[PDB]
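This report refers to the structure that appears directly beneath it.
FYI, side chains are in, hydrogens and waters are out, and symmetry mates aren't considered; it's all heavy atoms of this structure. Chain naming here is simple, since letters A, B, ... match the order of the sequence lines and numbering starts at 1 in each.
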Amino acid sequence: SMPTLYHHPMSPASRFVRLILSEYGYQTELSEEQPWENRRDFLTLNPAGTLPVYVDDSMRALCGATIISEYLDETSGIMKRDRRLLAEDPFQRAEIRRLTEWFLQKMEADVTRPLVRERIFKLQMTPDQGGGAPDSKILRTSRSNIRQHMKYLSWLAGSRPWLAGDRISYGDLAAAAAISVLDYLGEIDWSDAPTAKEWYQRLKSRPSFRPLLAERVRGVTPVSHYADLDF
Amino acid sequence: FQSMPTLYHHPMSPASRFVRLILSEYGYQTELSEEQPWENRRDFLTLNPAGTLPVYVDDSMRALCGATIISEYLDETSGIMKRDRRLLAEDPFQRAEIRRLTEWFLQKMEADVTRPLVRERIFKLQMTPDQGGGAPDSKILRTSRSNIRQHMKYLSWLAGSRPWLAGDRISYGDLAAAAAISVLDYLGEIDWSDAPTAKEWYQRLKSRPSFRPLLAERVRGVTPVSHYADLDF
């Protein structure tokens with residue numbers, strides 16, 4: 001029976017893993033999880049409460065984007081030759097990981113996690129869980145950090161054929177995952193960032209992206225260009 | 001000849017100590033260069049714009065930043081230096097569990113406890129008012145301290161239910177936990193009478209040769225708790 005991915009639509013890490021699974025042709029059951037609920041069965045799988053979580057028949061839960069992405073390289077990626085999303089060379093592997101961590105950890109802390117919490121999770125949450133109106137001060141701080149991250153992405157995109165070098169990698173998927181969440185929310189001004197825009201257009205047009213562009217969060221309407229391959 | 005690598009680190013950084021432990025276990029000699037995680041110096045931020053520690057620069061001159069990237073790199077390249085003493089398994093599920101525990105101690109515990117506590121107790125003393133300095137924030141201390149027990153209890157559970165934290169042999173998981181615990185223990189923040197099972201496990205890690213530089217180490221302007229270096233505490 002197919003494995004299960006516990007995830008949330010507005011989790012970049014979750015989107016990143018979905019991308020790797022589609023690129024590599026896996027079939028997966030998606031199970032939407034709300035970590036703030038502290039669901040006991042979910043915490044038994046992953047006591048850290050983080051997303052996503054990949055579980056096959058063995059019931060051995062693989063916890064988080066990094067662990068899952070490494071596992072998928074070890075058990076599939078090594079076969080893929082030209083289509084391998086993590087290289088063989090240790091320095092190239094290090095660069096692909098550096099970019100994955102930039103977008104899923106650094107930009108996530110600076111911008112995406114707090115912004116998603118204020119704008120998405122705080123709608124879905126009950127008052128007791130921390131639900132309520134968005135905090136304007138957190139929104140300011142997160143937003144003030146965006147323009148510098150978009151400037152870096154533009155630079156990477158303009159200077160190499162893909163973010164890590166000469167082929168598509170986990171680095172591109174991780175950036176695209178994160179950008180897709182911010183873009184859903186209309187938080188990116190693309191008029192600033194023409195080089196990043198060209199790069200994002202290429203990612204968002206891949207078949208693996210289609211389920212992300214079709215996806216909708218209830219009570220939050222995406223920005224009008226969100227699903228557009230020409231935006 | 002091959003110049004020895006440099007590790008940019010801070011003594012009160014668990015991720016830094018974790019890397020040091022790997023390097024010692026595998027017989028590397030390394031030049032240690034102390035950096036302040038808070039200071040934002042322009043040359044350090046050129047090397048690592050993320051401002052994270054540690055940063056490993058071997059004679060390739062390619063900067064490898066953070067505990068995960070460095071530890072994976074060391075598994076991949078250590079060759080004869082890891083023979084018969086490998087700290088990251090071959091099996092994908094065992095590797096996944098070693099990683100999961102490394103992330104627990106160096107990311108989850110770091111956010112819940114160690115990073116805010118170190119900042120209030122170490123860094124806010126060393127910092128000037130303009131840099132963000134002042135008296136420790138009592139509310140941040142309280143929150144961070146209140147999160148310690150859950151982590152110690154998880155560690156006790158792991159240690160009491162398996163021979164090493166990830167399973168049947170010593171791994172990065174043990175080294176990461178020990179690194180995080182050693183920082184807290186330097187500061188006297190662990191009540192060992194409340195965590196006996198974890199105490200037995202830590203006594204095994206702290207007695208390894210690789211730990212000797214950590215126990216000898218001192219942080220500028222902070223005296224460790226009296227039992228810090230004691231193998232028989």
Side-chain angles (χ1 to χ4, degrees), chain A residues 13 35 38 43 45-50 53-78 86-110 113 148-149 151-152 155-156 170-171, chain B residues 15 45 47-52 55-79 88-112 115 150-151 153-155 157-158 166-167 172-173:
Chain A
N38 298 324
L43 296 178
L45 292 172
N46 180 11
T50 47
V53 181
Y54 183 75
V55 184
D56 73 19
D57 286 341
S58 69
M59 302 311 296
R60 295 174 293 185
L62 302 177
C63 307
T66 292
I67 285 174
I68 292 161
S69 71
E70 299 291 339
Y71 171 85
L72 294 173
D73 188 63
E74 292 164 23
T75 58
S76 274
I78 59 183
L86 194 59
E88 182 80 7
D89 176 81
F91 289 105
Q92 184 58 17
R93 287 161 77 85
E95 177 63 9
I96 291 161
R97 293 166 175 151
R98 184 187 72 78
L99 293 162
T100 304
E101 290 186 359
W102 187 273
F103 294 95
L104 301 181
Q105 301 182 6
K106 176 59 168 140
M107 192 177 79
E108 179 82 358
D110 289 351
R113 171 167 66 249
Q148 62 177 179
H149 279 285
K151 182 182 168 275
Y152 185 53
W155 180 76
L156 290 165
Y170 290 167
Chain B
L45 295 178
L47 181 70
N48 181 14
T52 49
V55 177
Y56 182 76
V57 187
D58 71 21
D59 84 341
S60 68
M61 304 311 297
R62 293 182 253 198
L64 302 177
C65 296
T68 291
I69 288 173
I70 298 163
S71 67
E72 296 296 336
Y73 176 80
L74 295 173
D75 190 65
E76 294 168 18
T77 60
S78 288
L88 192 59
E90 183 79 0
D91 177 79
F93 286 100
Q94 185 58 18
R95 288 160 78 80
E97 180 62 12
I98 294 165
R99 289 168 177 152
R100 184 183 73 77
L101 292 162
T102 305
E103 289 181 5
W104 183 278
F105 291 95
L106 298 180
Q107 301 179 8
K108 187 173 167 48
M109 195 180 181
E110 178 79 2
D112 285 350
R115 174 168 65 248
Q150 168 202 354
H151 289 289
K153 287 278 167 181
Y154 186 49
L155 178 61
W157 178 75
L158 293 164
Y172 285 166

In residues 59-67 of chain B, what donor-acceptor pairs under 3.5 Å come from side-chain atoms, sequence neighbours left out?
unit_1, atom_1, unit_2, atom_2, d
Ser60(B), OG, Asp58(B), OD1, 2.7
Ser60(B), OG, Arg62(B), N, 3.1

- prompt: Considering all heavy atoms of both residues, which atom of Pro47(A) and which atom of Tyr154(B) are nearest to each other, and what is their separation?
  reply: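 Looking at all heavy atoms of both residues, the closest pair is CG-OH, 3.7 Å.
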message: Please find the pair of heavy atoms, one from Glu103(B) and one from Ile67(A), that lie closest to each other, and give the distance.
response: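 The pair with the smallest heavy-atom distance is OE1-CD1, 3.9 Å.
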- prompt: Under a 4.5 Å heavy-atom cut-off, does chain A meet the side chain of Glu97(B), its backbone, both or neither?
  reply: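 Nothing of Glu97(B), per the 4.5 Å heavy-atom cut-off to chain A.
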- prompt: How many angstroms lie between atom CG of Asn48(B) and atom CZ of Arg98(A), to the nearest 0.5 angstrom?
  reply: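 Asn48(B) atom CG to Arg98(A) atom CZ measures 9.0 Å (nearest 0.5 Å).
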message: How long is the straight-line distance from OG1 of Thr50(A) back to CH2 of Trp104(B), given to the nearest 0.5 Å?
response: 9.0 Å
query: Passes salt bridge (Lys or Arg N to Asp or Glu O under 4.0 Å), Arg93(A) versus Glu72(B)? Steps please.
result: CA-CA 9 Å; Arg93(A) 287 161 77 85; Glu72(B) 296 296 336; over 6 Å; no
task: Verify the neighbour count for atom NZ of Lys153(B): are there more than 12 heavy atoms of other residues, nucleotides or ligands below 6.0 Å?
output: yes
